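So the structure is just underneath, and the comments pick up after that.
We're numbering straight along the sequence, starting at 1. For the numbers below, each heavy atom of this structure counts, side chains included, while hydrogens, waters and symmetry mates do not.
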Amino acid sequence: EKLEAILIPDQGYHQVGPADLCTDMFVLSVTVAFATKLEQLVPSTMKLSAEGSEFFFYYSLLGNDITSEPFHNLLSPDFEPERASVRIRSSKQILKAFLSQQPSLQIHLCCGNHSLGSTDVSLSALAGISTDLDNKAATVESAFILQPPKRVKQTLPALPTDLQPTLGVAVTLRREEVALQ
């Protein structure tokens, strides 16, 4: 059968693997830390000037819809670093295998009901380095490039270098009793 993260509603954790064999608590977390060059994802300077310009990040973490704190300053981002975490009851081996099999997390920069761009954050990459979970948290931290949903990207003026929209993300897996530090 397919390894699936099964919400236990009353308890507020997700069971991964058979509940009698997979009984340890883990925390899986996503942190959006900073961003730059986001203005490339908005075609019109005038949209930045409107106050309806309220931007936030969205992603689905094991089937949970997560939105971040809205911010207005797209050209000079001022959102605070923000973490969302889920609790998982599983075993080391089963959870590591489960994460290695998950599709990438897709984090979207949104305005209202529109996605302006998204980036792929590998959970399998995190599983691959989750090799000492009895003793330490495992973290993948990187600057991820946001891609607009359009077919053609136009750049004016075209320069030799290409500073692109970037989102700093950290994804972490740890045993619940192992402090992040």
Side-chain angles (χ1 to χ4, degrees), residues 1-36 38 55-71 77 79-110 113 115-147 149 164-181:
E1 186 56 25
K2 183 171 173 297
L3 280 180
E4 280 185 334
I6 300 168
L7 171 60
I8 309 305
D10 54 352
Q11 298 297 336
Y13 62 71
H14 302 74
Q15 176 73 43
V16 180
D20 51 315
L21 299 179
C22 301
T23 69
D24 299 337
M25 295 308 307
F26 298 85
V27 181
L28 175 65
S29 63
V30 178
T31 303
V32 297
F34 67 91
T36 191
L38 301 185
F55 308 91
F56 61 94
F57 301 99
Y58 162 81
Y59 53 93
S60 181
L61 180 63
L62 301 187
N64 295 279
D65 288 329
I66 294 166
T67 62
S68 75
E69 176 93 338
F71 63 102
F79 65 89
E80 293 284 307
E82 180 173 354
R83 183 181 300 121
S85 305
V86 293
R87 295 175 76 214
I88 298 166
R89 188 174 181 275
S90 192
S91 77
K92 255 205 313 206
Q93 287 173 304
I94 289 299
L95 182 50
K96 190 182 187 294
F98 170 80
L99 291 172
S100 79
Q101 302 165 14
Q102 294 314 288
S104 285
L105 185 70
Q106 277 183 323
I107 300 173
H108 288 254
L109 170 67
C110 297
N113 290 309
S115 174
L116 296 176
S118 67
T119 191
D120 276 32
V121 181
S122 177
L123 296 176
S124 64
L126 170 60
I129 59 155
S130 296
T131 55
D132 192 26
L133 287 168
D134 294 349
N135 299 293
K136 54 178 179 176
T139 297
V140 176
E141 191 166 24
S142 194
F144 292 93
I145 308 295
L146 288 160
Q147 295 292 346
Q164 268 199 84
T166 300
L167 183 64
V169 183
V171 296
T172 292
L173 178 67
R174 62 186 180 80
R175 285 188 179 280
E176 185 160 71
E177 73 273 17
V178 172
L180 185 58
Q181 284 191 5

Stepwise side-chain contact (heavy atoms from CB on, under 4.5 Å) test for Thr31 and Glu141: CA-CA 9 Å; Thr31 303; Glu141 191 166 24; over 6 Å; no
Under the ring pair (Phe, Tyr, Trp, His ring centres under 6.0 Å) criterion, do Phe79 and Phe57 qualify, and how do the steps go? CA-CA 10 Å; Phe79 65 89; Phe57 301 99; 5.1 Å; yes
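You'll find the side chain of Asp65 reaches within 4.5 Å of the side chain of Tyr58, heavy atoms only. In this structure, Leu105 and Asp120 have side chains that are not in contact, with every pair of non-hydrogen atoms separated by 4.5 Å or more. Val171 places none of its side-chain heavy atoms less than 4.5 Å from the side chain of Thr139. Counting heavy atoms from C-beta on, the side chains of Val32 and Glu80 never come closer than 4.5 Å. Side-chain atoms of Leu38 and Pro77, non-hydrogen and from C-beta on, do get closer than 4.5 Å to each other. Looking at heavy atoms from C-beta onward, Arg87 lies out of side-chain contact with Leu28 at the 4.5 angstrom threshold. With a 4.5 Å cut-off on side-chain heavy atoms, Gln106 and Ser60 do not count as touching. Counting heavy atoms from C-beta on, the side chains of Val27 and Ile88 never come closer than 4.5 Å.
No donor-acceptor pair under 3.5 Å is formed between the side chain of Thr119 and the backbone N or O of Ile107. Without hydrogens or angle criteria, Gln164 side chain to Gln147 main chain gives no donor-acceptor distance under 3.5 Å. Within the 3.5 Å criterion, the main-chain N or O of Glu69 finds a donor-acceptor partner in the side chain of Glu82. With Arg175 contributing its side chain and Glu177 its backbone, the two residues share no donor-acceptor pair below 3.5 Å. Looking only at distances, a side-chain donor or acceptor of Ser90 sits under 3.5 Å from a matching main-chain atom of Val16.
A distance of 11.0 Å separates CD in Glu176 from OH in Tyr13, rounded to the nearest 0.5 Å. Taken to the nearest 0.5 Å, the CG atom of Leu7 stands 7.0 Å off from the CG atom of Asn64. Rounded to the nearest 0.5 angstrom, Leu180 CG and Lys136 NZ are separated by 13.0 Å. In this structure, CZ on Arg174 lies 10.5 Å from CE on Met25, to the nearest 0.5 angstrom. Between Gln102 atom CD and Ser124 atom OG the span is 9.5 Å, to the nearest 0.5 Å. One finds the CG atom of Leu133 at 11.0 Å from the CD atom of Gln93 (value rounded to the nearest 0.5 Å).
Other residues, nucleotides and ligands contribute only 12 or fewer heavy atoms inside 6.0 Å of the CG atom of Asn113.
The only member of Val121, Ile66, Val169 that meets side-chain contact (heavy atoms from CB on, under 4.5 Å) when paired with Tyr59 is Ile66. For the side-chain contact (heavy atoms from CB on, under 4.5 Å) test with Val140, the passing option among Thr172, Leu123, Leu173, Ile129 is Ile129; the others fail.
A pairwise comparison of heavy atoms in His108 and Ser115 identifies ND1-OG, 2.7 Å as the closest pair. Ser100 and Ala127 make their closest contact through N-CB, 3.5 Å (heavy atoms, listed as atom of the first residue, atom of the second, distance). Shown here for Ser122 and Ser104, the closest heavy-atom pair between the two residues is CA-OG, 3.5 Å. Heavy atoms only, all atoms of each residue included: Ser130 and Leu126 are closest at OG-O, 2.8 Å. Of all the heavy atoms in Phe55 and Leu109, the pair that sits closest is CB-CD1, 4.1 Å. Across every non-hydrogen atom of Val178 and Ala137, the tightest pair is CG1-N, 3.9 Å.
For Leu3, the side-chain contact (heavy atoms from CB on, under 4.5 Å) partners two or more places apart in sequence, or in a different chain, are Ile94, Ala97, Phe98, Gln101.
Of the charged side-chain nitrogens involved, none lies within less than 4.0 Å of a carboxylate oxygen, so that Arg89 and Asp24 do not count as a salt-bridged pair.
At a cut-off of 3.5 Å, with distance as the only test, no side-chain donor of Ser85 or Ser29 sits close to an acceptor on the other residue.
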